[PDB]
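In the form deposited in one PDB entry, a lone chain appears below as structure tokens.
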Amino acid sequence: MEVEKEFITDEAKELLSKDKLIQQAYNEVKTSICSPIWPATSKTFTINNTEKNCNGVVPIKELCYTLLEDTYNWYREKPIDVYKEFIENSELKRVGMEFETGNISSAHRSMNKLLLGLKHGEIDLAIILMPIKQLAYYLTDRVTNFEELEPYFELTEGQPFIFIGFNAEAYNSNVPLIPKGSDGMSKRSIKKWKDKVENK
């Protein structure tokens, strides 16, 4: 998968350029979102482009969260979806991230949830992942996209915040469809997918 667009506030830029461990959490997020491949036998992520809204997006989020959890030791649910916690220079630091699979109103609620966590000092950096419009077009109906929330990234200024817009590497009607729903893929299937991603 590719990171095609990215928005980083000035405060996140300063924080990344001076905090190694925060820079690391961010690197792990970028890697977990670039790593998905499809089909599982492949080394690129190709999305089936037969019709609008034909693919699910939840399986992608589950895969992403699983890599962070299993490979990178991130925790799930703080109610921030996933976060990394660690001591650095005698201080506990937390990074929070959410992968948006809901509609635009959902994305607003998610952004504000992180913004409040930041204001209260519960997290030191917030990251949101969203598919860009081009990809979202072939993803399930509900799902919002990076460009739709973009006019509002400005509301995070003054706080360490990063928005990442991902895209598939290719679009073809010759690969299978990604299943829809929370149960689109079992944990056994996500873990098998994760292994292929990691060559195991």
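Note that residue numbering begins at 1 and tracks the sequence as displayed. So that the term is clear: the rigid core is the largest set of C-alpha atoms that superpose within 1.5 Å between two forms.
The same protein also exists as the form deposited in another entry; that form is not shown, yet it is the one meant from here on.
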Aligned on the rigid core, do the two forms place the Cα of residue 10 2 Å or more apart, comparing between the shown form and the other one? no
Answer yes if the CA of residue 182 moves 2 Å or more between the shown form and the other one after aligning the rigid core, and no otherwise. yes
Could you tell me whether the Cα atom of residue 86 shifts by at least 2 Å between the shown form and the other one after core superposition? yes
Relative to what's shown here, the Cα pair residue 173 and residue 183 differs by 3 Å or more in the other form. Does it come closer or drift farther? closer
Given that the shift is 3 Å or more, do the Cα atoms of residue 73 and residue 188 end up closer or farther apart in the other form than in this form? closer
